[PDB]
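Chain letters run A, B, ... following the sequence lines, proteins first, then strands; residues in each count from 1. One-based numbering, in listed order, for ligands and for the atoms of each. FYI, side chains are in, hydrogens and waters are out, and symmetry mates aren't considered; it's all heavy atoms of this structure.
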Amino acid sequence: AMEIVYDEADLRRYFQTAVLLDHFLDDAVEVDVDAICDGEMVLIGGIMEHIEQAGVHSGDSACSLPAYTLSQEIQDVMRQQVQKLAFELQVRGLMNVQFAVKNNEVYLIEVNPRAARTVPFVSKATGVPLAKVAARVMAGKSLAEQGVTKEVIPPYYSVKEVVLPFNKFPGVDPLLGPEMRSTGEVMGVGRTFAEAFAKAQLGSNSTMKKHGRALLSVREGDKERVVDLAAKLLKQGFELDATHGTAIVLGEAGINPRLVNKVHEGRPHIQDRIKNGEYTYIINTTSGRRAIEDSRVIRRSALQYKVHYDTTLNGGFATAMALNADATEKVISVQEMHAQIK
Amino acid sequence: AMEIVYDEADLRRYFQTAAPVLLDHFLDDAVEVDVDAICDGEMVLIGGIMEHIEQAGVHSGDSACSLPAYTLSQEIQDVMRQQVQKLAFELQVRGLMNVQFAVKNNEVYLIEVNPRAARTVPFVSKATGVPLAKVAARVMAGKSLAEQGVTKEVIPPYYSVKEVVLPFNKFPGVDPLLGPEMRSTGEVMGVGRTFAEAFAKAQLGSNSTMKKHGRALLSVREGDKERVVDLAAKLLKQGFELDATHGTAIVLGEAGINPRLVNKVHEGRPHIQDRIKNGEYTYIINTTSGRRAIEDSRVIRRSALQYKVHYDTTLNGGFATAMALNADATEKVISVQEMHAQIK
Ligand SMILES: Nc1ncnc2c1ncn2[C@@H]1O[C@H](COP(=O)(O)OP(=O)(O)O)[C@@H](O)[C@H]1O
Ligand SMILES: Nc1ncnc2c1ncn2[C@@H]1O[C@H](COP(=O)(O)OP(=O)(O)O)[C@@H](O)[C@H]1O
Ligand SMILES: NC(=O)CC[C@H](N)C(=O)O
Ligand SMILES: NC(=O)CC[C@H](N)C(=O)O
Ligand SMILES: NCCC[C@H](N)C(=O)O
Ligand SMILES: NCCC[C@H](N)C(=O)O
Ligand SMILES: [Cl-]
Ligand SMILES: [Cl-]
Ligand SMILES: [Cl-]
Ligand SMILES: [K+]
Ligand SMILES: [K+]
Ligand SMILES: [K+]
Ligand SMILES: [Mn+2]
Ligand SMILES: [Mn+2]
Ligand SMILES: [Mn+2]
Ligand SMILES: [Mn+2]
């Protein structure tokens with residue numbers, strides 16, 4: 001039962017309703033690294049950059065392999081940091097390490113000295129059967145011995161996206177957080193991150209379209225960044241609707257969305273519009289226990305009415321890119337993927 | 001000291017803050033009309049029919065008006081005419097009289113009859129070329145309209161529009177807003193070949209700072225919400241960029257117009273006030289209804305006045321303002337002599 005408390009007043013609130021205390025790394029890029037250690041060397045299985053930031057459980061995050069935004073430099077740091085930890089803990093077989101990158105700085109989230117849920121993904125993207133190799137390693141065959149020494153960076157992009165069970169429990173707020181709730185995953189393969197992301201998205205049963213009206217209702221910390229997102233969408237032919245505060249900031253950057261009322265504001269409001277099919281896409285980011293609680297209708301509504309929605313700006317940007325891709329254009333077999341590897 | 005109460009809750013509100021009290025039904029969304037005439041007991045001469053720009057509810061003394069009428073139908077004017085004639089005799093008018101009417105849903109309501117010379121007489125004299133005070137003085141003294149040879153109503157070939165000037169800038173603590181009470185100190189006159197030109201001249205004469213470019217702030221009430229769309233449309237066609245407050249922006253977006261959203265003061269920064277003060281606006285159309293809303297919207301009008309931005313507090317006025325945008329007050333001048341010479 002992990003929560004993110006914003007302030008002091010916010011803690012009692014928890015405390016009461018409600019121990020490990022940790023500083024939340026806000027606006028950070030979460031990373032998952034899968035590796036093998038035989039006591040002799042460390043094999044980097046895959047470095048995966050999640051789309052959703054730290055604070056959204058890795059299990060519920062879409063992710064990319066290779067990393068789509070992280071610097072070689074930043075990643076080399078991680079690589080070294082994992083090797084250091086492999087030896088230190090005396091890993092023999094599989095291991096997974098979770099990082100957060102904030103302001104060009106690498107921080108340690110956790111070390112899982114065992115097989116992690118991303119293994120099959122990495123194995124498929126990299127064509128290397130990590131569970132088999134690590135098994136052998138555990139049984140006594142060194143990496144050296146196996147001819148498995150080099151880290152594989154495929155020529156193509158591999159993206160993993162999850163599927164969430166919210167539709168099965170309507171009374172639940174379909175919102176991402178530090179706790180994992182997904183049931184499954186899909187893989188998208190493309191020549192570009194945008195292609196891979198498009199394939200992941202469509203495979204995950206997303207109802208996203210390449211036309212219509214998008215609803216933008218983001219929080220403070222996203223208002224600035226949301227400008228670029230609106231630009232993108234307008235550029236893809238989307239019309240824009242926005243809730244008061246968000247419209248304000250857009251307006252201040254030269255973008256004039258059509259305003260929509262919050263439910264308490266009047267009619268029609270967001271719910272009538274969602275219900276009435278005015279939107280093909282919704283971006284709704286929130287912060288604060290309170291805020292979340294009051295915005296619940298947007299998310300429940302979008303779910304109920306099958307409108308594609310993103311609860312993170314990063315997801316938004318990923319979706320925006322995918323719009324320039326065509327998930328049906330080309331196909332490729334796993335064998336083909338694998339042969340293409342140096 | 002009178003106002004328009006909108007409901008029971010409001011009546012208390014008032015009745016408290018304030019002796020038999022008069023209670024009249026307020027004809028909302030009505031066109032106010034002024035009619036000046038002369039009766040000699042044998043006949044009735046119509047001096048002029050003026051159509052106010054601001055609706056009934058904005059005192060006639062403070063309304064802009066036009067001679068001849070700019071929206072009313074002849075049919076409706078003919079009623080007013082018969083009505084004036086009937087009143088004239090019944091009342092035994094001998095000399096000048098003035099009749100004020102409200103038109104709503106194609107129906108003519110009587111607001112008041114003033115059986116003496118009215119403040120609009122000079123304007124009508126000047127527009128029609130007929131010196132009403134002289135004519136009526138001769139009538140009171142014994143010379144009939146027939147004896148005088150002044151028996152037929154004169155409809156000029158040009159439009160004449162009267163605009164007023166208000167003293168709000170002399171008393172900054174007052175809310176420079178129109179209502180049932182007259183607060184104006186003077187009037188101007190504008191003459192044109194079209195109502196738009198007459199209006200532009202009257203507007204310019206009245207010391208208006210209106211411009212034909214920039215950004216306009218739109219913040220109107222409920223009853224105006226639907227109709228303000230076409231005005232924002234006229235404003236965009238003229239080249240202006242629009243700003244709007246919450247609910248106004250909502251109505252407009254649904255009509256396809258997307259103004260830039262601005263925050264009220266309680267709402268956030270920068271707000272309407274900050275914007276006005278920084279010279280962001282060149283035009284402001286701001287309509288309100290009910291004691292509270294009025295009280296609450298105060299800052300817009302005071303700021304507008306303070307910062308010299310032209311502002312309209314009525315939609316009818318806003319529309320007048322927009323039409324004038326299509327006219328050039330400085331393009332042509334005409335002398336009164338010439339004007340009267342045109343008279344047929
Ligand atoms: N200090 C932190 N700052 C930001 N996000 C964090 C932090 N600690 C954990 N998280 C988020 O919570 C998720 C779960 O954290 P983790 O420690 O790995 O728990 P679990 O045992 O469920 O794996 C992480 O994947 C990340 O999204
Ligand atoms: N029943 C009414 N409906 C609408 N407006 C009215 C009504 N009665 C008065 N008014 C408005 O108030 C103004 C002042 O009212 P009026 O009766 O003419 O008083 P005054 O003697 O001060 O001129 C009118 O010019 C008109 O705009
Ligand atoms: N950032 C948000 O989701 C805003 C809150 C929400 N729209 C409400 O009605 O309270
Ligand atoms: N019609 C209006 O002017 C609405 C009221 C005003 N904007 C306020 O700040 O309350
Ligand atoms: N990877 C999580 C699912 C994404 C979902 N559309 C959301 O942003 O909430
Ligand atoms: N005719 C009265 C003056 C109009 C002023 N601009 C206002 O509309 O408040
Ligand atoms: Cl795991
Ligand atoms: Cl008078
Ligand atoms: Cl004062
Ligand atoms: K994450
Ligand atoms: K009037
Ligand atoms: K009277
Ligand atoms: Mn974890
Ligand atoms: Mn764990
Ligand atoms: Mn009167
Ligand atoms: Mn009177």
Student: Counting backbone and side-chain atoms alike, does B:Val113 have an N/O/S atom under 3.4 Å from the K ion (ligand 12)?
Tutor: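 Given the 3.4 Å cut-off, B:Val113 counts as a ligand of the K ion (ligand 12).
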Student: What N, O or S atom of B:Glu112 is found closest to the K ion (ligand 12)?
Tutor: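 Looking only at N, O and S atoms of B:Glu112, the one nearest the K ion (ligand 12) is named OE1.
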Student: Between A:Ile292 and A:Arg299, is any pair of side-chain heavy atoms under 4.5 Å apart?
Tutor: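 They are in side-chain contact.
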Student: I'd like the atom name of the N/O/S atom in A:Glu110 lying closest to the Mn ion (ligand 13).
Tutor: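 Nearest N/O/S atom: OE2.
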Student: Parallel, tilted or perpendicular: which one describes the rings of A:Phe193 and A:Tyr68, with boundaries at 30° and 60°?
Tutor: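 It falls in the parallel class, under 30°.
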Student: For the CZ atom on B:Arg292, are there more than 12 heavy atoms of other groups (residues, nucleotides or ligands in this structure) within a distance under 6.0 Å?
Tutor: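 Not more than 12 within 6.0 Å, no.
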Student: If I take every N, O or S atom of A:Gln98, is at least one of them less than 2.8 Å from the Mn ion (ligand 13)?
Tutor: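 Given the 2.8 Å cut-off, A:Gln98 counts as a ligand of the Mn ion (ligand 13).
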Student: Below 4.0 angstrom, N of the basic side chain to O of the carboxylate: do B:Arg13 and B:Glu3 qualify?
Tutor: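 A salt bridge is present here (some side-chain N lies under 4.0 Å from a carboxylate O).
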